[PDB]
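Visitor: would you be able to build a 3D model of this:
(one chain, ligands or ions: 1)
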Amino acid sequence: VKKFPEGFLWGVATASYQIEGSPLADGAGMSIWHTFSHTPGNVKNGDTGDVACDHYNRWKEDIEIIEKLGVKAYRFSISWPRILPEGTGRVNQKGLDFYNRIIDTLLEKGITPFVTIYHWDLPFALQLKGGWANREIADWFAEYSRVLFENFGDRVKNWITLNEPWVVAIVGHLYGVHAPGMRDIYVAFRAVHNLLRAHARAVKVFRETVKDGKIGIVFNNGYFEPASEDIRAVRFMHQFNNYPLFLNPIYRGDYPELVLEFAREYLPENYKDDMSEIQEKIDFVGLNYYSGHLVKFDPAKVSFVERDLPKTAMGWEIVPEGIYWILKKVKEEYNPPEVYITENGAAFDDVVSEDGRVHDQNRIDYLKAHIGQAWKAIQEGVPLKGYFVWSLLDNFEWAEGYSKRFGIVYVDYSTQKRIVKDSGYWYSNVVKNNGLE
Ligand SMILES: OC[C@H]1N/C(=N\O)[C@H](O)[C@@H](O)[C@H]1O
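Guide: Numbers count the residues shown, from 1 in each chain. Here you go:
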């Protein structure tokens, strides 16, 4: 038996562009994911977020599913261009209405909203002005965040500025695999820095606008192990790809040492001028975790080494101890007052059996193991307050399109039927029992 603390927050997570569809409904402006996915060659099968899970229409049903499952918290994101169609200036009341209904419904049903302010769907109008490359985005983002706080901060008390700013900057602007689809290292590092500045401005506005309530930021993380006794290659991957890239500025006022070794010439010349503002106090750290990687020096001077370990449909190695490690490691390095696991989950080739059920034992096994390791971290003093499964629903998985199913609820895209998977049922029992048995 592994029981979690009193009032531990069991959650599920989604993101606006991945689930909503109707990207241009009710006066919404285009996002960069709209234009990126409508550009041939960018997303597998030419898939787009035009329909997705049709949550824009089916939101009440989906929340009733969260309620029926007894899940205590819902992490979801707000589409910036639904709220401010040109990114700044005009506010769209119908966009606010959409999230207002979701928020009120969750509260009526006793479910705690955790709002991700930015989960990657930047207004296209701001991308035309350079998007995350433009220092002025700290202002645009602060203006956007202020609107959300003013409209929803009376009810929503748990906020996340950014989802995975490493991905936004590096996968979006260096690898070019995500919107806005650029390959320029100097742009990517100016995006890193502006994401920090925008995050801090938003926190500053939050303090001025929402007297009660807490704000944090979410990072992607991998568990990197060295191929041999290489150890430095692991050091660099941790500092670059994990929370330190952002938390070293937030807590210590500079980028991590090995990030500066690699990337100093790509940062703005006077980037330290911004660091004291970047240290704006945050209330919690959200860590996302999915996978581990064997890593070797390789003349970024790092390559991955494939291991014969179980993998998900993403090809990601399943390494549950990784979630324990990253929780320990965050406490050891920065000691944030609260931590949440804001995403953990797996993609498998889900099939609806003849019995009408989805027998995803592989996903149950994956979740159980990671929930077990999170439990461990708590016993050793990590202030983990909640854990969010990615995802409530199968959805549009960015450049993979619909080909990767992460839900604990199966979505038949031909009918939009939701079928709760065995993992959703299993999870509901975990939540009801406040832990594993
Ligand atoms: O890959 C599954 C999810 N994992 C994520 N980061 O690792 C993203 O936040 C989320 O939007 C999904 O892409």
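Visitor: all strands of the stretch 201-350 of the chain, in order?
Guide: With DSSP state E, counting those that start in this stretch as the criterion, the stretch 201-350 of the chain has strands at 214-226, 284-297, 302-305, 339-344.
Visitor: adding distance to the ligand as columns, could you present the ones you listed in CSV?
Guide: In this view, the C-beta of every residue, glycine as well, is placed from N, C-alpha and C. Formatted as CSV, the strands of the stretch 201-350 of the chain follow (distance: least, CB to the nearest ligand atom, whole Å):
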stretch, distance to the ligand
strand 214-226, 5
strand 284-297, 5
strand 302-305, 16
strand 339-344, 5
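Visitor: deepest of those strands, which one?
Guide: Sort the strands of the stretch 201-350 of the chain by mean neighbour count, taking mean count of other CB atoms under 10 Å, and strand 339-344 sits at the top with a mean of 26.
Visitor: would you tell me which of the strands of the stretch 201-350 of the chain gets closest to residue 380?
Guide: Across those, residue 380 has its closest neighbour in strand 339-344 (12.7 Å, CB to CB).
Visitor: packing partners of that closest one?
Guide: Helices and strands touching strand 339-344, by 3 or more CB pairs under 8 Å, 6 or more residues apart in numbering; DSSP states H and E, are strand 9-13, strand 214-226, strand 284-297, helix 321-334, helix 361-379, strand 384-390.
Visitor: around the ligand, which positions in the stretch 251-400 of the chain sit nearby?
Guide: For the stretch 251-400 of the chain, the residues in contact with the ligand (CB under 6 Å from any ligand atom) are 288, 290, 343, 390, 397, 398.
Visitor: how about the fifth one, what does it touch?
Guide: Just to be clear, that refers to residue 397. Residues in contact with residue 397 (CB atoms under 8 Å, 6 or more residues apart in numbering) are 18, 347, 403, 404, 406.
Visitor: before we move on, back to that, possible to save the strands of the stretch 201-350 of the chain as TSV with distance to residue 433?
Guide: Formatted as TSV, the strands of the stretch 201-350 of the chain follow (distance: least, CB to CB, whole Å):
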stretch	distance to residue 433
strand 214-226	26
strand 284-297	23
strand 302-305	38
strand 339-344	18
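Visitor: figure out which of those strands is closest to residue 73.
Guide: Short answer: strand 339-344, nearest of the strands of the stretch 201-350 of the chain by CB to CB, at 9.0 Å.
Visitor: quick one, that closest one and strand 9-13 angle?
Guide: Per axes from the mean of the first three to the mean of the last three CA atoms, to 10 degrees, the angle that strand 339-344 makes with strand 9-13 is 30 degrees.
Visitor: quick one: contacts of strand 339-344?
Guide: With CB under 8 Å, 6+ apart, strand 339-344 has contacts from 9, 13, 75, 114, 160, 216, 218, 284-290, 323, 327, 330-331, 367, 370, 374, 382-390.
Visitor: distance of the spatially most central residue of the chain from the ligand?
Guide: The structure's the chain has its C-alpha centroid closest to residue 163; by CA atoms, centre = their mean the separation is 4.1 Å. Look at residue 163 and the ligand: by CB to the nearest ligand atom, to the nearest Å, they are 5 Å apart.
Visitor: residues contacting that residue?
Guide: 15, 77, 116, 118, 119, 120, 218, 288.
Visitor: okay, now residue 157: neighbour count?
Guide: Neighbours of residue 157 under the rule other CB atoms under 10 Å: 16.
Visitor: what do you get for the one 3 residues further on?
Guide: Look at residue 160: counted by other CB under 10 Å, it has 23 neighbours.
Visitor: helix/strand/coil for it?
Guide: The three-state assignment at residue 160 reads strand, by DSSP: H, G, I helix; E, B strand; the rest coil.
Visitor: so how do I select the buried members of the contacts of residue 397 in PyMOL?
Guide: To isolate the buried members of those in PyMOL, using 16 or more other CB atoms under 10 Å:
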select buried, resi 18+347+404+406
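Visitor: next step: the contacts of residue 397 restricted to strands.
Guide: Among the contacts of residue 397, no member falls in strands (DSSP state E).
Visitor: what is the nearest of the contacts of residue 397 to residue 413?
Guide: Here the nearest of the contacts of residue 397 to residue 413, counting by CB to CB, is residue 403; it sits at 11.3 Å.
Visitor: so that closest one touches residue 43, yeah?
Guide: No. Contact criterion CB atoms under 8 Å: residue 403 and residue 43 do not qualify, at 9.7 Å.
Visitor: which single residue of the stretch 1-150 of the chain ends up nearest the ligand?
Guide: Closest residue of the stretch 1-150 of the chain to the ligand, CB to the nearest ligand atom: residue 15 (4.8 Å).
Visitor: return the distance of the longest helix along the chain from the chain's centre.
Guide: Secondary structure of the chain per DSSP state H: the longest helix is helix 185-209. Here helix 185-209 is found 16 Å from its chain centre; the criterion is CA atoms, centre = their mean, to the nearest Å.
Visitor: buried residues, that helix. List them.
Guide: By neighbour count with 16+ other CB under 10 Å, helix 185-209 contains the buried residues 187-203, 205-206.
Visitor: mind checking which of the contacts of residue 163 land in strands?
Guide: Counting by DSSP E, the contacts of residue 163 place 77, 116, 118, 218, 288 in strands.
Visitor: how about those residues, which pair is most distant?
Guide: Across these, the longest distance by CB to CB is 14.3 Å; it joins 118 and 288.
Visitor: what lies in contact with the host helix or strand of residue 138?
Guide: According to DSSP states H and E, residue 138 maps onto helix 137-152. Helix 137-152 has contacts (CB under 8 Å, 6+ apart) with 78, 80, 83-84, 87-88, 91, 96, 99-100, 103, 115, 117-118, 126, 130-131, 159, 161, 194, 197-202, 204-206, 209-210.
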